[PDB]
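> Below you will find the structure I want to go over with you.
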Amino acid sequence: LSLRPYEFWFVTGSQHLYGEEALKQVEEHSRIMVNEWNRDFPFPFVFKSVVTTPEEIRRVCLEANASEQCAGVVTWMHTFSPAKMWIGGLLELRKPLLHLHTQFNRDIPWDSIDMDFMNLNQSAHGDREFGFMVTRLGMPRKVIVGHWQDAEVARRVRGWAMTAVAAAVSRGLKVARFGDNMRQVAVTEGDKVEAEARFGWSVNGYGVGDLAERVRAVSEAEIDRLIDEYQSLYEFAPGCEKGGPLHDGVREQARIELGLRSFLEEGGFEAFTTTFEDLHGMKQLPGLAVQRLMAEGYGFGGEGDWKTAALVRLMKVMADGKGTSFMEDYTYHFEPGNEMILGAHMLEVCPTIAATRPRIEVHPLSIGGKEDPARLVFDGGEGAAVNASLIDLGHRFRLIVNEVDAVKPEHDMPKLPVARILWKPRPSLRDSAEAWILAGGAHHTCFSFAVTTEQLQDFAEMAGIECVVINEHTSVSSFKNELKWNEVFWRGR
Amino acid sequence: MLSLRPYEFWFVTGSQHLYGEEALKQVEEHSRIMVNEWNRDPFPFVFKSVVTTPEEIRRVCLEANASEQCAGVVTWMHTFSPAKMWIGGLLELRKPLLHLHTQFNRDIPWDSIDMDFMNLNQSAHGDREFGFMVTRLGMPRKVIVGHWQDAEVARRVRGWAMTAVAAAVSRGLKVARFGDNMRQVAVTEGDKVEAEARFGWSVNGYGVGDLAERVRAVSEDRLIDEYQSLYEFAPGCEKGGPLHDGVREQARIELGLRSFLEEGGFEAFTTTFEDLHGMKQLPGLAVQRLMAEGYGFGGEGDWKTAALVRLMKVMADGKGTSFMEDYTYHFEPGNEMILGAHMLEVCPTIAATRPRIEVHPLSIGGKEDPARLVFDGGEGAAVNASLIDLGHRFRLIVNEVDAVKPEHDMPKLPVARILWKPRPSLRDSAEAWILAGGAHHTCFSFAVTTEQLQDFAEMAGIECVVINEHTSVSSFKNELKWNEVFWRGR
Amino acid sequence: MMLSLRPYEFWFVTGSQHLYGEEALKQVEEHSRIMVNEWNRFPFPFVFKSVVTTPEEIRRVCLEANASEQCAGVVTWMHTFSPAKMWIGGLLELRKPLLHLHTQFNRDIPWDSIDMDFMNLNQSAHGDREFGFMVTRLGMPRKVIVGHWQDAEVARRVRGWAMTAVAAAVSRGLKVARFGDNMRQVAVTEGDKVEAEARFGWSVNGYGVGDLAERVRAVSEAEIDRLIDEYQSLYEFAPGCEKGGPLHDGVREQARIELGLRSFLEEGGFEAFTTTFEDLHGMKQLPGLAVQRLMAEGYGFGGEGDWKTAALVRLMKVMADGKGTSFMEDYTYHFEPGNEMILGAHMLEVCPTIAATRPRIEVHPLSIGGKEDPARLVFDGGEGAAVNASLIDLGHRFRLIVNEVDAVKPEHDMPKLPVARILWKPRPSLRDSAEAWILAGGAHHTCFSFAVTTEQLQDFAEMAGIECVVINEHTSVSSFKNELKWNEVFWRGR
Ligand SMILES: OC[C@@H](O)[C@@H](O)[C@@H](O)CO
Ligand SMILES: OC[C@@H](O)[C@@H](O)[C@@H](O)CO
Ligand SMILES: OC[C@@H](O)[C@@H](O)[C@@H](O)CO
Ligand SMILES: [Mn+2]
Ligand SMILES: [Mn+2]
Ligand SMILES: [Mn+2]
Ligand SMILES: [Mn+2]
């Protein structure tokens with residue numbers, strides 16, 4: 001779906017107390033690091049000034065704050081960089097911060113190491129004084145410690161940069177709701193205002209007839225063109241091929257796909273929701289059309305679930321677009337020793353989780369009482385994964401993350417007419433769900449194979465919301481205590 | 001004339017067996033005398049027995065909780081009524097509690113008063129001990145002190161009785177939203193879930209296609225017969241070749257709205273002008289008429305004001321109460337006043353003029369020239385109430401205003417309008433209103449008092465701020481700071 | 001002279017939407033430009049920025065406000081309805097003092113004219129309210145001024161607030177130089193410099209008095225002569241203190257300190273400094289006339305290492321346009337029934353901008369510092385309304401305390417009092433203010449101003465996010481105690 005050319009500003013801190021020539025060794029050391037990271041992290045590191053004064057620090061932050069291509073700031077105290085200088089800038093920095101607690105040389109030059117070296121590569125105490133200052137200001141930030149060349153440091157920096165880029169998409173992110181929330185449903189509700197203060201989301205509701213007229217203007221020739229792209233991608237079920245009568249169903253989806261994309265592109269929407277209780281002017285419920293916009297980059301939520309729509313977009317950004325989709329727990333496999341969750345949804349499951357080459361099928365749909373819709377049908381993949389809900393507790397949001405394991409279906413489901421994925425939640429179906437329910441997790445989630453818990457925890461930190469994680473170490477007792485103690489901490493905020 | 005259930009108020013009298021069973025006979029006799037006399041002229045009072053045991057106390061409360069006719073409980077400690085007895089019942093009670101701290105005789109019978117009297121007529125301390133237990137439980141309740149025949153006691157119960165009835169309406173209240181919120185608008189947004197938990201409001205959004213289908217149905221028309229039975233018309237009248245399908249389209253909108261609202265049980269609704277697919281006209285004259293039946297309305301998807309209007313119309317007994325919006329100011333020194341209106345939907349029950357039907361263009365929403373009631377609003381003391389979501393909790397903001405007759409007419413203004421002089425001044429009240437965060441949409445009423453709205457906040461468990469003749473802006477900011485610290489969490 | 005001020009400007013931003021055409025934007029734009037131009041005829045220039053209509057326009061002007069070191073405050077006005085969720089991103093970014101001007105181009109309703117087009121364009125009655133909601137919902141502090149934009153009171157209030165916001169923009173830059181540490185064992189002059197740099201923006205750092213001693217040794221004796229010619233330009237000399245007199249030595253020393261002090265503080269960019277009599281190595285006198293001179297030029301100062309008051313004196317002087325503001329200390333009480341007064345001085349350092357007598361250079365012994373007889377300006381303070389302000393550290397947060405007072409002309413001369421002085425009558429009473437002051441924890445060091453109001457100090461405290469308590473004619477000690485209690489619960493979190 002294409003991102004801004006986001007970049008990370010690498011701001012090195014120092015002080016005049018060793019001279020202007022030591023300020024040159026620092027500028028050199030910093031440029032060598034930035035340039036050597038950029039030999040590759042699909043976002044360039046931009047080396048900015050060595051900063052030595054309150055004013056230089058304050059302005060790199062002011063500038064960071066304002067450049068929309070800056071998606072995070074990485075700050076490293078090369079020398080001692082007295083941290084009160086950093087206050088004024090740190091107060092203004094509202095882009096994500098990473099404190100790279102590193103060091104140019106990797107190993108203590110025994111036989112060399114004198115005071116001249118001790119005056120230059122003193123990161124070991126410089127970063128701690130800067131660390132104090134960021135803590136003393138209550139500022140959320142990521143802290144990674146190691147040599148700037150170590151392979152794990154880059155892993156952590158790479159993971160964090162993906163998160164910071166999501167954070168930047170989040171700032172802009174405009175969501176288009178096509179109809180209200182499903183009536184009397186609770187979890188898909190919330191304060192769009194608060195989500196806009198907290199996450200930057202503009203969560204935009206347009207009457208479904210705005211969408212209905214967009215899909216009528218769509219030429220039959222544009223439909224013909226997309227259909228050849230389906231042929232290029234997705235095997236068709238019987239009767240869906242251009243001859244069979246199911247094609248007016250497949251072509252309508254493709255028509256909806258074109259009315260939608262036209263609309264979402266005209267407004268700069270990167271996420272959107274539909275509602276089956278409001279489909280006036282529509283022939284079908286958006287299904288394969290929704291499935292495809294997801295795979296391209298859009299976030300979706302069913303039944304007006306703007307929260308998960310935004311969440312889906314955001315987790316697509318973190319995953320580099322891969323292995324991520326809106327999700328809904330639909331039934332359980334409770335077979336002792338083999339207990340599984342079956343995740344699916346009405347129509348809308350993104351093909352980027354597919355281990356089967358997706359296949360356009362067409363089936364009836366009781367819900368909404370509109371045309372028998374077309375939709376991609378496939379089995380979700382296998383491997384470690386995460387399932388994420390963002391909910392509104394009223395006074396604040398909570399992000400719930402279940403580390404799960406998706407499994408290859410042992411048997412077929414030929415009568416199941418929508419996309420399907422199986423997964424065994426950690427630490428068990430029993431405790432994951434109890435924990436999930438105590439946490440209040442929604443039924444809508446964003447399932448992903450590529451977003452790691454650490455990234456979502458890092459996103460929550462950046463946004464300043466609670467993130468609770470259900471994984472293999474989760475005990476329900478202590479998890480109850482986490483929810484009690486986190487609640488104490490997050491009031492006000 | 002939107003009807004309420006026959007709401008009743010359960011008088012409960014508390015006592016104990018320390019004085020005997022003929023003392024109880026007198027406690028029951030006094031209470032029936034009181035309830036009976038109050039019932040010779042709002043809503044009936046029902047004497048509900050003298051309760052004397054935890055279990056009798058718990059019973060009547062459970063009974064109150066489940067009686068959807070019970071809009072409030074009125075409790076009175078005729079004697080000492082040991083208050084722990086009351087815990088398990090007060091814990092259950094979820095209906096408005098009025099603690100009527102009263103006494104049967106008015107005077108101390110000096111010549112006669114003996115220990116058998118002070119055993120029996122000891123509300124003086126029994127009510128204080130009940131006082132402690134309700135306070136000790138944190139419970140919201142009204143307290144009214146005075147003789148049960150005292151005229152002022154009556155005015156205050158009648159007032160509280162109106163708030164309690166509105167509170168019961170609140171617990172039923174179902175709101176239909178035709179379209180979402182107007183776009184990028186902040187104050188009309190909020191948390192429908194929380195508002196359901198705090199006020200009992202069921203706020204549910206129907207796509208306007210649903211309301212568009214129900215007005216593709218008829219009764220031709222009978223409606224227009226009574227339009228002329230009520231309202232002046234303008235050129236655009238009946239023949240009115242130009243503009244009559246304007247009025248026949250609002251009349252159409254009115255009957256499909258009413259059919260949708262009466263079908264689903266909605267006493268409040270909202271329209272948004274940004275979703276009008278299938279509507280030839282943004283609703284206007286239709287909405288003003290539904291409001292005058294008692295419906296709550298909020299423009300641009302404003303459910304909180306929609307609900308608020310409903311409850312204030314119920315508090316007001318249908319009178320002088322309308323969706324409102326500060327539209328423009330008149331800063332003329334010494335004569336500063338606000339022009340409240342809305343793009344169409346002002347309820348005629350605030351009119352001091354005969355309502356006139358006009359049909360004028362309306363750019364907004366890009367639909368046909370809507371028909372609407374145009375009229376000048378009345379004068380006299382009033383309140384202007386906004387209810388906002390601060391994110392963690394709701395805030396009811398109430399401004400006492402003085403509505404004024406307009407000295408100059410506004411002959412090319414196509415909407416109904418009212419002028420008021422807000423207390424204590426345009427400059428300070430607006431400042432307070434803005435510090436408090438009050439919406440542009442409000443409920444104006446001539447017949448809801450501030451005390452009522454405050455009492456509703458108590459029932460509801462929310463902050464109520466009031467801007468009136470005694471408001472300083474600087475102390476008002478303190479009140480906001482101090483309230484916010486009390487109300488967060490709660 | 002007077003300490004220099006960056007050219008500060010206030011940005012006038014006006015909000016509206018696209019639901020009305022391109023043409024209405026044109027009229028809103030002209031309306032604001034008219035209002036701004038008529039305003040510049042206010043203390044500092046107003047700059048009409050833009051009509052903002054989108055999220056990204058609101059955010060950019062806000063980013064530009066934070067960045068613009070010339071911008072002292074943003075003045076927002078919602079001409080029409082400006083859906084406030086648009087303003088979230090901008091308001092969350094804005095860190096400049098915000099005034100919300102709730103106003104209206106036209107003063108009166110055109111009764112014969114008014115129609116939907118007018119109701120669609122002059123919508124502030126609600127557009128500002130929708131904006132008031134969003135600002136309140138983010139918990140941001142702002143000023144809110146309501147009136148027609150030509151209103152005289154609207155101007156008086158905007159001038160007060162602008163003076164404040166320029167004091168705030170100085171506070172962010174503000175650099176304080178402590179020559180010496182706190183007077184040993186003193187509590188109220190202590191505090192958290194880190195917290196104060198985070199809250200108010202003040203950079204507060206210690207130099208050894210050695211750094212200043214050596215800077216005064218490098219003063220020419222030719223510039224010292226140039227300065228005495230300026231003392232003759234300005235100040236009456238007590239017997240034995242002009243050129244040739246026995247105690248004119250002492251004035252020269254205070255000339256030398258002044259010129260060294262000024263060179264240290266001009267070199268570093270410091271607008272406020274502190275000295276301590278317990279640390280005077282390398283100086284022949286505790287600085288005094290020098291300080292008095294420097295405060296007169298607009299420097300903040302606090303005795304005994306008191307950076308908090310030093311910063312406060314500089315800020316209030318900015319608020320007061322340099323006029324009638326001075327460091328102050330309650331020295332002694334006149335308790336006479338019906339004439340209760342406080343004599344307020346310091347041991348040397350009272351700024352002459354509060355003088356009612358023409359200041360007189362004098363030289364007297366001073367036990368305190370252990371150094372030579374210090375020269376100093378001596379005068380009787382003027383009379384009238386004034387505020388006495390103190391900023392203290394409660395440990396977890398700052399508290400601004402402001403007493404309204406009425407300065408009085410001395411009825412009886414004080415011939416054997418070697419220091420400048422002022423006499424004031426604290427509202428509502430001496431016994432009640434001192435009680436409320438002591439309960440508030442007021443320092444003995446104050447900043448005293450004839451030209452700073454309480455509403456300005458409150459506005460300053462609102463901008464910084466700190467508690468301000470005012471002691472004046474309406475203050476009763478029982479309700480004051482409750483204010484302190486209830487304020488504490490509010491200010492604990494934040
Ligand atoms: O500028 C800092 C300095 O060089 C050393 O960090 C200190 O002396 C010891 O921390
Ligand atoms: O005569 C009843 C009487 O009310 C009680 O026994 C006590 O005074 C309450 O302490
Ligand atoms: O909410 C303000 C008012 O109701 C309307 O939004 C304006 O007239 C048109 O935006
Ligand atoms: Mn669903
Ligand atoms: Mn409106
Ligand atoms: Mn909320
Ligand atoms: Mn002192």
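Residue numbering restarts at 1 in every chain; chains get A, B, ... in the order shown in the structure tokens, and ligands count up from 1 in that same order.
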As a list in words, please: every protein or nucleic acid residue near ligand 3 (cut-off 9 Å, counting only C-alpha atoms and all ligand atoms).
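Checked against 9 Å with only C-alpha atoms and all ligand atoms; the hits are residues 182, 185, 188, 273, 299, 300, 325, 326, 327, 342, 343, 364, 440 and 441 of chain B; 17, 19, 20, 80, 81, 82, 83, 116, 119, 120, 121, 123, 126, 127 and 130 of chain C.
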> For ligand 1, list the contacting residues at 9 Å or closer, counting only C-alpha atoms and all ligand atoms, as a list in words.
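Residues lying within 9 Å of ligand 1: residues 14, 15, 16, 17, 18, 79, 80, 81, 82, 118, 119, 120, 122, 125 and 126 of chain A.
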> List the neighbours of residue 310 (chain C) out to 8 Å using only C-alpha atoms; skip same-chain residues closer than 6 positions along the sequence, and give me the result as a list in words.
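The filter keeps residues 176, 272, 273, 274, 300, 301, 302 and 327 of chain C.
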> Can you write out the residues you just picked, keeping N, CA and C atoms, as a PDB file, in the first residue's frame?

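Now in out.pdb:
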```pdb
ATOM      1  N   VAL C 176      20.007  30.657  34.686  1.00  0.00           N
ATOM      2  CA  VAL C 176      20.292  31.205  36.006  1.00  0.00           C
ATOM      3  C   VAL C 176      21.711  30.823  36.407  1.00  0.00           C
ATOM      4  N   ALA C 272      19.287  35.803  35.091  1.00  0.00           N
ATOM      5  CA  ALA C 272      19.060  35.765  36.517  1.00  0.00           C
ATOM      6  C   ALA C 272      20.264  35.089  37.155  1.00  0.00           C
ATOM      7  N   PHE C 273      20.610  35.533  38.351  1.00  0.00           N
ATOM      8  CA  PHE C 273      21.743  34.945  39.037  1.00  0.00           C
ATOM      9  C   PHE C 273      21.472  34.998  40.524  1.00  0.00           C
ATOM     10  N   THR C 274      22.318  34.323  41.281  1.00  0.00           N
ATOM     11  CA  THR C 274      22.213  34.380  42.722  1.00  0.00           C
ATOM     12  C   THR C 274      23.599  34.514  43.325  1.00  0.00           C
ATOM     13  N   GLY C 300      16.915  38.983  36.989  1.00  0.00           N
ATOM     14  CA  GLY C 300      16.418  38.375  38.192  1.00  0.00           C
ATOM     15  C   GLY C 300      17.544  38.079  39.164  1.00  0.00           C
ATOM     16  N   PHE C 301      17.205  38.059  40.445  1.00  0.00           N
ATOM     17  CA  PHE C 301      18.199  37.825  41.471  1.00  0.00           C
ATOM     18  C   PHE C 301      17.493  37.271  42.691  1.00  0.00           C
ATOM     19  N   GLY C 302      18.205  36.419  43.417  1.00  0.00           N
ATOM     20  CA  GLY C 302      17.735  35.949  44.692  1.00  0.00           C
ATOM     21  C   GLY C 302      18.920  35.827  45.614  1.00  0.00           C
ATOM     22  N   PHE C 327      13.209  41.839  43.719  1.00  0.00           N
ATOM     23  CA  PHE C 327      13.466  40.897  44.798  1.00  0.00           C
ATOM     24  C   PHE C 327      13.098  41.542  46.127  1.00  0.00           C
TER      25      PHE C 327
END
```
> Check every protein, DNA and RNA residue against ligand 7, keep those with an atom at most 10 Å away (counting only C-alpha atoms and all ligand atoms), and present them as a count of residues only.
23
> Would you pick out the contacts of residue 33 (chain A) at 9 Å or less, using only C-alpha atoms, so that residues sharing its chain but fewer than 2 positions from it are not included, and give the list as a PyMOL selection string?
chain A and resi 28-31+35-38+47+104+148-149
> Using only C-alpha atoms and a distance of at most 7 Å, pull out the residues of chain C that contact chain B, as a ChimeraX atom specification.
/C:83-86,107-109,111-116,119,122-126,129-130,132-134,136-137,144-148,486,489-490
> Using only N, CA, C and O atoms, please write the residues we just selected to a file, as a compact mmCIF listing (two decimals), in the first residue's frame.

```
# COMPACT_ATOMS: atom_id res chain seq x y z
N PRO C 83 -14.85 21.34 13.19
CA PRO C 83 -14.89 20.03 13.86
C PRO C 83 -13.61 19.71 14.60
O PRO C 83 -12.53 19.60 14.00
N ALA C 84 -13.71 19.59 15.93
CA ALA C 84 -12.54 19.71 16.79
C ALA C 84 -11.67 18.46 16.79
O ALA C 84 -10.48 18.57 17.12
N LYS C 85 -12.20 17.30 16.40
CA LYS C 85 -11.31 16.15 16.24
C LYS C 85 -10.20 16.46 15.26
O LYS C 85 -9.12 15.86 15.34
N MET C 86 -10.43 17.39 14.34
CA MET C 86 -9.35 17.89 13.50
C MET C 86 -8.23 18.45 14.35
O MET C 86 -7.05 18.33 13.99
N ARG C 107 -20.02 42.68 15.93
CA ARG C 107 -20.40 42.83 17.33
C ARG C 107 -21.89 42.54 17.55
O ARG C 107 -22.26 41.98 18.59
N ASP C 108 -22.74 42.92 16.61
CA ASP C 108 -24.18 42.82 16.81
C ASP C 108 -24.82 41.92 15.76
O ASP C 108 -24.27 41.69 14.68
N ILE C 109 -25.99 41.40 16.13
CA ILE C 109 -26.82 40.62 15.22
C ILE C 109 -27.48 41.57 14.23
O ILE C 109 -28.23 42.47 14.64
N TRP C 111 -30.32 42.38 12.55
CA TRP C 111 -31.64 41.79 12.72
C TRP C 111 -32.41 41.72 11.40
O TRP C 111 -33.11 40.73 11.14
N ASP C 112 -32.27 42.73 10.54
CA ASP C 112 -32.97 42.74 9.25
C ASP C 112 -32.27 41.85 8.23
O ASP C 112 -32.91 41.37 7.28
N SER C 113 -30.98 41.64 8.40
CA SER C 113 -30.16 40.97 7.40
C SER C 113 -30.08 39.46 7.59
O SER C 113 -30.02 38.73 6.59
N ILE C 114 -30.13 38.98 8.84
CA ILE C 114 -29.54 37.70 9.20
C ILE C 114 -30.31 36.54 8.57
O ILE C 114 -31.55 36.56 8.47
N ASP C 115 -29.56 35.52 8.15
CA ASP C 115 -30.05 34.47 7.28
C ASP C 115 -29.07 33.30 7.38
O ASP C 115 -28.07 33.38 8.09
N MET C 116 -29.36 32.22 6.65
CA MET C 116 -28.52 31.03 6.78
C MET C 116 -27.07 31.33 6.44
O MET C 116 -26.16 30.85 7.12
N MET C 119 -25.55 32.83 9.40
CA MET C 119 -25.48 31.77 10.40
C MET C 119 -24.48 30.69 10.02
O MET C 119 -24.01 29.97 10.89
N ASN C 122 -20.65 33.07 10.63
CA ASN C 122 -20.29 33.61 11.95
C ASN C 122 -20.83 32.67 13.03
O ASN C 122 -21.79 32.98 13.74
N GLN C 123 -20.14 31.53 13.19
CA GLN C 123 -20.61 30.39 13.98
C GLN C 123 -19.87 30.21 15.30
O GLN C 123 -20.11 29.20 15.97
N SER C 124 -18.98 31.14 15.69
CA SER C 124 -18.09 30.92 16.83
C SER C 124 -18.86 30.57 18.09
O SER C 124 -18.35 29.82 18.94
N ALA C 125 -20.05 31.13 18.26
CA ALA C 125 -20.93 30.82 19.38
C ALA C 125 -20.94 29.33 19.63
O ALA C 125 -20.94 28.89 20.79
N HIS C 126 -20.92 28.53 18.57
CA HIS C 126 -20.76 27.10 18.76
C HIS C 126 -19.43 26.55 18.28
O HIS C 126 -18.92 25.61 18.88
N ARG C 129 -17.23 26.65 21.02
CA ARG C 129 -17.62 25.72 22.07
C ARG C 129 -17.16 24.31 21.73
O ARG C 129 -16.57 23.61 22.57
N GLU C 130 -17.40 23.87 20.50
CA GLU C 130 -16.85 22.61 20.04
C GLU C 130 -15.35 22.57 20.23
O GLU C 130 -14.77 21.51 20.51
N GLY C 132 -13.80 24.47 22.58
CA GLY C 132 -13.64 24.45 24.02
C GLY C 132 -13.73 23.04 24.56
O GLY C 132 -12.98 22.66 25.46
N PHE C 133 -14.62 22.23 23.97
CA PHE C 133 -14.73 20.85 24.41
C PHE C 133 -13.43 20.12 24.20
O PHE C 133 -12.96 19.39 25.09
N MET C 134 -12.85 20.24 23.01
CA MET C 134 -11.69 19.42 22.69
C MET C 134 -10.49 19.80 23.53
O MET C 134 -9.72 18.93 23.95
N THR C 136 -10.58 21.13 26.58
CA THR C 136 -10.85 20.65 27.93
C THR C 136 -10.67 19.14 28.02
O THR C 136 -10.14 18.63 29.02
N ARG C 137 -11.06 18.42 26.97
CA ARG C 137 -11.00 16.96 26.95
C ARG C 137 -9.56 16.44 26.88
O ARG C 137 -9.30 15.31 27.30
N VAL C 144 -9.02 31.65 28.21
CA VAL C 144 -10.26 31.73 27.45
C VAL C 144 -10.77 33.13 27.67
O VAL C 144 -11.11 33.50 28.80
N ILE C 145 -10.81 33.92 26.60
CA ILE C 145 -11.29 35.30 26.65
C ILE C 145 -12.47 35.42 25.71
O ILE C 145 -12.38 35.04 24.54
N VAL C 146 -13.59 35.92 26.23
CA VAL C 146 -14.82 36.01 25.46
C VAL C 146 -15.24 37.48 25.39
O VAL C 146 -15.38 38.15 26.42
N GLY C 147 -15.48 37.94 24.17
CA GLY C 147 -15.92 39.29 23.91
C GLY C 147 -15.77 39.57 22.43
O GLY C 147 -15.07 38.83 21.71
N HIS C 148 -16.43 40.62 21.96
CA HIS C 148 -16.18 41.07 20.60
C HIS C 148 -14.74 41.54 20.48
O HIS C 148 -14.17 42.10 21.42
N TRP C 486 -7.45 20.68 48.97
CA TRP C 486 -8.07 20.20 47.74
C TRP C 486 -7.16 20.38 46.54
O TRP C 486 -7.17 19.55 45.62
N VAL C 489 -4.60 17.35 46.31
CA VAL C 489 -5.08 16.13 45.68
C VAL C 489 -5.11 16.30 44.18
O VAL C 489 -4.81 15.36 43.43
N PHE C 490 -5.45 17.51 43.71
CA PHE C 490 -5.48 17.70 42.27
C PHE C 490 -4.07 17.69 41.68
O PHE C 490 -3.84 17.09 40.63
```
> Any idea what's packed within 10 Å of residue 134 (chain A), counting only C-alpha atoms, ignoring anything in its chain fewer than 2 positions away? Could you give it as a list in words?
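Here the answer would be residues 83, 86, 87, 90, 91, 97, 99, 128, 129, 130, 131, 132, 136, 137, 138, 139, 140 and 141 of chain A.
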> Atoms to include: N, CA, C and O atoms. Write the selected residues as a CSV table (one decimal), in the first residue's frame.

```
chain,number,residue,atom,x,y,z
A,83,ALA,N,22.6,15.7,31.1
A,83,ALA,CA,21.3,15.4,30.6
A,83,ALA,C,20.3,16.5,30.8
A,83,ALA,O,19.3,16.5,30.1
A,86,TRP,N,19.3,18.0,27.8
A,86,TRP,CA,18.3,17.2,27.0
A,86,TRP,C,16.9,17.4,27.4
A,86,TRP,O,16.0,17.0,26.6
A,87,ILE,N,16.6,18.1,28.5
A,87,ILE,CA,15.3,18.2,29.0
A,87,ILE,C,14.4,18.9,28.0
A,87,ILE,O,13.4,18.4,27.5
A,90,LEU,N,13.8,16.8,25.1
A,90,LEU,CA,13.0,15.6,25.4
A,90,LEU,C,11.6,16.0,25.7
A,90,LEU,O,10.7,15.1,25.5
A,91,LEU,N,11.3,17.2,26.2
A,91,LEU,CA,9.9,17.6,26.4
A,91,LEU,C,9.2,17.7,25.1
A,91,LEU,O,8.0,17.5,25.1
A,97,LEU,N,11.2,7.2,20.6
A,97,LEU,CA,12.6,7.3,21.0
A,97,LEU,C,13.2,6.0,21.2
A,97,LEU,O,12.5,5.1,21.8
A,99,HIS,N,16.9,4.5,22.8
A,99,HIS,CA,18.1,4.8,23.4
A,99,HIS,C,19.1,3.7,23.1
A,99,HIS,O,19.1,2.6,23.8
A,128,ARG,N,23.9,6.3,30.9
A,128,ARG,CA,23.2,6.2,32.1
A,128,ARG,C,22.6,7.5,32.6
A,128,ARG,O,21.5,7.6,33.1
A,129,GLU,N,23.4,8.6,32.5
A,129,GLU,CA,22.9,9.9,32.9
A,129,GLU,C,21.8,10.3,32.0
A,129,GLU,O,20.8,10.9,32.4
A,130,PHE,N,21.9,10.0,30.7
A,130,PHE,CA,20.8,10.3,29.8
A,130,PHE,C,19.6,9.3,30.1
A,130,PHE,O,18.4,9.7,29.9
A,131,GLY,N,19.9,8.1,30.4
A,131,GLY,CA,18.8,7.2,30.8
A,131,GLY,C,18.1,7.7,32.0
A,131,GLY,O,16.9,7.7,32.1
A,132,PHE,N,18.8,8.2,33.1
A,132,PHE,CA,18.1,8.8,34.2
A,132,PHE,C,17.2,9.9,33.7
A,132,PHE,O,16.0,9.9,34.1
A,136,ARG,N,13.4,10.0,34.6
A,136,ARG,CA,12.9,11.1,35.4
A,136,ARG,C,11.8,11.9,34.8
A,136,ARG,O,11.0,12.5,35.6
A,137,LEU,N,11.7,11.9,33.5
A,137,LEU,CA,10.6,12.6,32.8
A,137,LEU,C,9.5,11.7,32.4
A,137,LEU,O,8.6,12.1,31.7
A,138,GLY,N,9.5,10.4,32.9
A,138,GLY,CA,8.4,9.5,32.6
A,138,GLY,C,8.2,9.2,31.2
A,138,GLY,O,7.1,8.7,30.8
A,139,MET,N,9.2,9.4,30.4
A,139,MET,CA,9.1,9.3,28.9
A,139,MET,C,9.2,7.8,28.5
A,139,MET,O,10.1,7.1,28.9
A,140,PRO,N,8.2,7.3,27.8
A,140,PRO,CA,8.3,5.9,27.2
A,140,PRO,C,9.4,5.9,26.2
A,140,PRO,O,9.5,6.8,25.3
A,141,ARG,N,10.3,4.9,26.2
A,141,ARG,CA,11.3,4.8,25.2
A,141,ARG,C,11.8,3.3,25.2
A,141,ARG,O,11.7,2.6,26.2
```
> Just want the residues within 9 Å of ligand 2, written as a list in words, counting only C-alpha atoms and all ligand atoms.
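Taking only C-alpha atoms and all ligand atoms into account, the residues around ligand 2 at most 9 Å away are residues 18, 19, 79, 80, 81, 82, 115, 116, 118, 119, 120, 122, 123, 125, 126 and 129 of chain B.
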> What do you get as a VMD selection string if you pick all residues at most 8 Å from ligand 4, counting only C-alpha atoms and all ligand atoms?
chain A and resid 301 to 303 328 345 to 346 443 to 444
> List every residue of region 54-156 of chain A that DSSP, applied to the backbone, labels as strand (DSSP E), and write the result as a PyMOL selection string.
chain A and resi 70-77+97-101+142-145
> Near residue 314 (chain A), counting only C-alpha atoms, which residues have an atom at most 10 Å away, once you skip same-chain residues fewer than 2 positions from it, shown as a ChimeraX atom specification?
/A:162-163,165-170,173,270-271,297-299,308-312,316-319,321,324,446,451,456,459
